[PDB]
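J.: Chain order of the listed sequences is F and B. Throughout the first sequence, residue numbering follows the deposited numbering, covering 67 to 210, 215 to 305 in sequence. Throughout the second sequence, residue numbering follows the deposited numbering, covering 67 to 210, 215 to 305 in sequence.
Protein chains: 2
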Amino acid sequence: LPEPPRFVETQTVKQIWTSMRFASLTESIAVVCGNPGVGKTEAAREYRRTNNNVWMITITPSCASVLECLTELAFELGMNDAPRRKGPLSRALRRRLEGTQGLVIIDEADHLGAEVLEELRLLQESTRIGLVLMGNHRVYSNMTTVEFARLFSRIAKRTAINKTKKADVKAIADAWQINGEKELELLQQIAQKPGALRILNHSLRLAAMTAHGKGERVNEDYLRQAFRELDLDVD
Amino acid sequence: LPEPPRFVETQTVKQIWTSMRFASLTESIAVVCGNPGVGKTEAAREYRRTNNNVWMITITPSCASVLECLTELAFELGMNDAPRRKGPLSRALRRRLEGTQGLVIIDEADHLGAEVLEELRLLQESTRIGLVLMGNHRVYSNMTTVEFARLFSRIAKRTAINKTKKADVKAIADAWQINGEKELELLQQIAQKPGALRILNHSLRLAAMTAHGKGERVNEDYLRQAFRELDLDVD
Ligand SMILES: Nc1ncnc2c1ncn2[C@@H]1O[C@H](COP(=O)(O)OP(=O)(O)O)[C@@H](O)[C@H]1O
Ligand SMILES: Nc1ncnc2c1ncn2[C@@H]1O[C@H](COP(=O)(O)OP(=O)(O)O)[C@@H](O)[C@H]1O
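1. Within the 8 Å Cβ cut-off, does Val97 of chain B reach chain F?
2. Closest to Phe73 of chain B by CA distance: which of B:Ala109, B:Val104, B:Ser85 is it?
3. Check whether the Cβ of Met200 of chain F lies closer than 7 Å to any heavy atom of ligand 1, and answer yes or no.
4. Going by the DSSP bridge assignment, what does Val120 of chain B pair with across the sheet?
5. Chain F partners of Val120 of chain B, CB-CB under 7 Å?
6. Let's test the definition: count the other Cβ atoms within 10 Å of the Cβ of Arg298 of chain B and tell me whether it reaches 16, buried, or not, exposed.
7. Give the list of continuous alpha helix (DSSP H) stretches no shorter than 4 residues that lie fully inside the region 83 to 167 of chain F.
8. Smallest Cα separation from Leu143 of chain B: which of B:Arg228, B:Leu159, B:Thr234?
9. Which residues in chain B sit within 9 Å of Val216 of chain F, going by Cβ to Cβ distance?
10. Say whether the region 226 to 242 of chain B touches the region 265 to 275 of chain B, bearing in mind that this needs 3 or more beta-carbon pairs closer than 8 Å, one atom from each stretch.
11. What runs of the beta strand (DSSP E), each 3 residues or longer, lie entirely inside the region 245 to 278 of chain B?
12. Would you say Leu267 of chain F touches ligand 1, meaning its beta carbon is less than 7 Å from a heavy atom?
13. Taking the beta carbon of residue 211 of chain B as the centre, do at least 16 other beta carbons fall within 10 Å, making it buried, or is it exposed?
14. Roughly how many angstroms lie between the CA atoms of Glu251 of chain F and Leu293 of chain F, to the nearest whole one?
15. How is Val304 of chain B classed by DSSP in three states: helix, strand or coil?
16. Hey, how far is the Cα of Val79 of chain B from the Cα of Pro102 of chain B?
17. What does DSSP give as the partner residues of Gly201 of chain F in its beta bridges?
18. Using the rule of at least 16 other Cβ atoms within 10 Å of the residue's Cβ for burial, across every protein chain shown, is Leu67 of chain F buried or exposed?
19. Can you tell me whether DSSP reads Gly283 of chain B as helix, strand or coil?
20. Would you mind sorting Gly100 of chain B into buried or exposed? The rule is 16 or more other CB atoms within 10 Å of its CB.
21. Does ligand 1 have even one heavy atom less than 7 Å from the beta-carbon of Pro102 of chain F?
22. Opposite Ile231 of chain F in the DSSP bridges: which residues?
23. Quick check: the Cα distance between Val120 of chain B and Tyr113 of chain B, rounded to an integer number of angstroms?
24. Could you name the residues that DSSP lists as bridge partners for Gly196 of chain B?
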């Protein structure tokens with residue numbers, strides 16, 4: 067019956083915002099490698115929505131060149147007059163982006179070319195801004215250090231989020247007005263399976279729409295039917 | 067008038083033999099990077115002459131492949147029936163060389179390919195023998215560690231010989247029957263200039279042949295004329 071809230075502040079959200087503002091004021095590189103679907107991507111957008119001098123792209127592996135990725139960052143900076151060459155684009159980024167005290171957020175940092183991440187790290191360095199890397203744990207695996219040596223020397227605050235915590239789903243249940251202890255344990259058990267935040271959010275939205283269509287309150291059995299869907303135990 | 071001695075035991079010779087026997091009994095890798103002409107090449111040959119289960123090649127950059135270098139080591143092992151392919155040669159080295167408790171000495175380790183030194187390190191490891199690297203200080207510079219990471223994990227005893235010592239040239243003067251303190255200081259000053267052992271040996275041999283041709287004893291002025299040759303201050 068109430069409006070579903072899309073985003074909730076969580077212990078991971080608190081941690082990752084402190085890491086984000088750390089790389090902001092620190093003006094240095096923060097790599098966030100974690101298990102898939104730990105909720106990092108969404109929080110980054112909440113940081114972008116709440117804070118000034120913040121930018122974010124995503125990297126599809128289609129846009130995984132230096133040219134394409136810097137073009138993406140340039141259009142995110144609003145310079146629609148960006149040149150299609152590498153060089154003058156790099157110069158335009160260097161003139162535009164330095165002195166703003168900003169924070170670049172880059173998601174899926176595993177698909178970075180060495181020249182790609184190389185130009186990014188030398189950018190932020192020659193720009194006095196923030197760069198923050200996201201994605202899975204292949205990002206730190208791509209460094210483990216003569217090709218990534220000075221970059222491993224840059225690294226300010228890595229934060230690994232493997233899975234959720236109990237206060238994480240507890241604040242989730244607080245935001246979704248969930249009071250059952252059986253409900254809380256079931257939410258925790260759903261959080262034990264991967265795609266944690268996503269599956270939990272899906273399960274929450276299934277139960278909310280089912281209880282709204284039936285005119286009832288979200289309860290434990292709606293959550294059981296929701297989790298009984300999705301083919302999680304079906305190969 | 068006496069016979070010139072070709073080789074003299076020296077503090078560097080003592081140090082480097084202890085490093086050599088260390089990598090022998092240890093059956094592990096010892097990198098000897100030093101200034102050019104520190105006398106390391108000759109001592110290695112004295113170790114080869116005095117000790118059993120010892121082998122040595124040199125690496126010209128002509129023979130700088132895996133195939134050519136392992137062929138050189140194979141002919142040094144006396145297997146003249148060595149195959150001209152990489153694989154069966156590697157197998158023949160693996161069968162021949164394991165169980166002998168030997169010591170391979172490799173000179174000019176700066177011209178090693180990554181596959182070359184790679185096959186050498188995996189050889190000694192799969193062979194329970196000794197490998198010892200020689201040459202200038204570019205050998206350690208080629209490692210400074216994801217391409218050379220496990221190799222930098224192998225390293226047992228690096229010994230850097232930059233220049234000579236005073237007991238070095240003192241034992242040289244003892245072997246060459248030199249008693250002058252002016253002579254000793256002049257020998258030390260010659261040792262301060264690069265190509266130390268080589269120039270000193272050249273100077274010793276110039277003075278010996280000049281004093282033998284003039285029927286006299288080697289003295290300070292013959293050493294001065296010898297050092298006045300060679301165009302050391304002439305560009
Ligand atoms: N605080 C939150 N509240 C609700 N859903 C969240 C929250 N944080 C993340 N999510 C969910 O996580 C997903 C977005 O991030 P996600 O895809 O998990 O990132 P990544 O795949 O990079 O780990 C969406 O399902 C989103 O609803
Ligand atoms: N103990 C020694 N006695 C006399 N000459 C020596 C001695 N050790 C080295 N040398 C001289 O050094 C040279 C051989 O080694 P060298 O060429 O200096 O090795 P590297 O070039 O690898 O440093 C020759 O000039 C040799 O006569």
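C-beta: ideal position from N, C-alpha, C; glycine also.
T.: Walking through what the data contain:
1. By this cut-off, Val97 of chain B is not an interface position.
2. Nearest of B:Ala109, B:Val104, B:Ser85 to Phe73 of chain B, Cα basis: B:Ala109.
3. Within the cutoff, so yes.
4. Under DSSP, the beta-bridge partners assigned to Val120 of chain B are B:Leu169.
5. Under the 7 Å cutoff, chain F gives no residues; its nearest Cβ is about 34 Å from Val120 of chain B.
6. Exposed is the call here.
7. Under the rule that a run must span 4 or more residues, the alpha helix (DSSP H) segments found entirely inside the region 83 to 167 of chain F read 106 to 116, 132 to 142, 152 to 163.
8. Of the listed residues, the one whose Cα sits closest to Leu143 of chain B is B:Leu159.
9. Under a criterion of Cβ atoms nearer than 9 Å, the residues of chain B adjacent to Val216 of chain F are, in order, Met209, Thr210, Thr215, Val216, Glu217, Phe218.
10. A contact exists between the region 226 to 242 of chain B and the region 265 to 275 of chain B.
11. Fully enclosed beta strand (DSSP E) runs of no fewer than 3 residues are not present anywhere in the region 245 to 278 of chain B.
12. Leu267 of chain F: yes, Cβ under 7 Å from ligand 1.
13. Residue 211 of chain B falls within a stretch that is absent from the model, since chain B runs 210 to 215 with no residues between.
14. Computed Cα separation, rounded: 13 Å.
15. Collapsing the DSSP output to three states places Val304 of chain B in coil.
16. Distance from the CA atom of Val79 of chain B to the CA atom of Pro102 of chain B, rounded to whole angstroms, is 16 Å.
17. When DSSP reads this structure, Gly201 of chain F sits in no beta bridge, so it has no partner.
18. That one is exposed.
19. Helix, per DSSP.
20. Buried: at least 16 other Cβ atoms inside 10 Å.
21. Distances between the C-beta of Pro102 of chain F and the heavy atoms of ligand 1 include at least one below 7 Å.
22. Among the bridge pairs identified by DSSP, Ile231 of chain F is matched with F:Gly100.
23. The alpha-carbon atoms of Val120 of chain B and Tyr113 of chain B are separated by roughly 8 Å.
24. B:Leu169.
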